[PDB]
Amino acid sequence: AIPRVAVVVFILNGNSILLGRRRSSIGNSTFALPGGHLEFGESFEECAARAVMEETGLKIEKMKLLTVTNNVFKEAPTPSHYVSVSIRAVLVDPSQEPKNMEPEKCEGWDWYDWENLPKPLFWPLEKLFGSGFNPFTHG
Amino acid sequence: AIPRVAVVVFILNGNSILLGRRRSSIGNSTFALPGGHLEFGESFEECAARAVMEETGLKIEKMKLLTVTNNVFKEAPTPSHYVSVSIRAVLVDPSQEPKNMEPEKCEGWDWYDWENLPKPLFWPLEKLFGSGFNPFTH
């Protein structure tokens with residue numbers, strides 16, 4: 001039981017970000033970012049693009065580091081600890097539509113306006129936003 | 001026995017705090033705070049968040065130490081002595097509703113306005129309020 005590194009991606013499209021309802025023992029049915037586990041030797045940017053491609057089929061570019069959060073899930077069925085590196089990115093083709101490529105992990109992916117985010121947000125994401133974090137402006 | 005450390009949590013939501021009627025040999029049916037026993041190696045703030053999650057499902061943040069009380073129950077069915085650390089917190093999601101996740105310990109959780117608190121309050125809580133303690137301003 002060690003902390004594991006994940007990368008989560010804020011895909012920015014106009015005033016919207018991509019979110020999807022989790023299928024998971026942690027935060028089931030709450031809206032969360034696409035993302036994945038960092039693999040050995042992988043850069044944050046390579047992981048962001050790979051996880052996004054694997055989950056959504058979307059092709060992203062201009063990956064930029066935003067922040068890092070410490071997320072402990074002691075009450076989970078298997079207790080877990082993730083260190084989540086957040087990456088900002090945009091679409092290579094702004095008309096490309098998302099697909100639900102890994103339905104075992106997500107109900108489906110859609111775009112949500114910054115000022116009309118859906119509920120319930122997965123609590124690490126809600127808590128990050130509650131700090132004042134803004135993926136469009138953070139720098 | 002020895003005195004046991006408990007953490008009790010004032011979840012502030014607007015002008016309200018979360019209370020529920022106890023199911024317990026001590027103070028049965030009186031209104032009390034969510035809380036739990038402090039575990040070895042745990043911080044007060046970690047205990048507060050864990051106990052609130054386990055009893056109410058609520059996710060809390062901004063945990064802050066308020067005070068500590070000495071609560072001896074010599075007349076209890078099993079005599080007991082708790083040292084209760086009070087923590088203030090707020091909801092991560094202000095619209096999240098509580099659930100009765102441990103009905104063996106509580107009849108259910110609801111929000112109560114500071115100026116319209118229910119009766120009967122659990123005596124340790126009433127005693128603390130009677131001192132002038134205010135969780136919003138302390």
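Numbered from 1 within each chain, the chains take letters A, B, ... in sequence-line order.
- Residue B:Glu115 qualifies as open at atom CD: its count of foreign heavy atoms under 6.0 Å is 12 or below.
- Applying the 6.0 Å contact sphere to NZ of A:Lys62 captures no more than 12 heavy atoms from other residues, nucleotides or ligands.
- Note that CG of B:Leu91 and NZ of A:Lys127 are 12.5 Å apart. Values are rounded to the nearest 0.5 Å.
- In this structure, CG in A:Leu125 is found 11.0 Å from CG in B:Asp93, a value given to the nearest 0.5 Å.
- Within 6.0 Å of CZ on A:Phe73 lie more than 12 heavy atoms contributed by other residues, nucleotides or ligands.
- If you measure heavy-atom distances from B:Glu54 to chain A, the contacts under 4.5 Å come from the side chain alone.
- The shortest distance between side-chain heavy atoms of B:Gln96 and A:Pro120 does not fall below 4.5 Å.
- The environment of CE in A:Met53 is sparse: at most 12 heavy-atom neighbours from other residues, nucleotides or ligands sit within 6.0 Å.
- There is no contact between A:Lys74 and chain B, counting heavy-atom distances below 4.5 Å.
- Within the 4.5 angstrom heavy-atom criterion, atoms from both the backbone and the side chain of A:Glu126 approach chain B.
- Shown here is B:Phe31, whose CZ atom has more than 12 heavy atoms of other residues, nucleotides or ligands within 6.0 Å.
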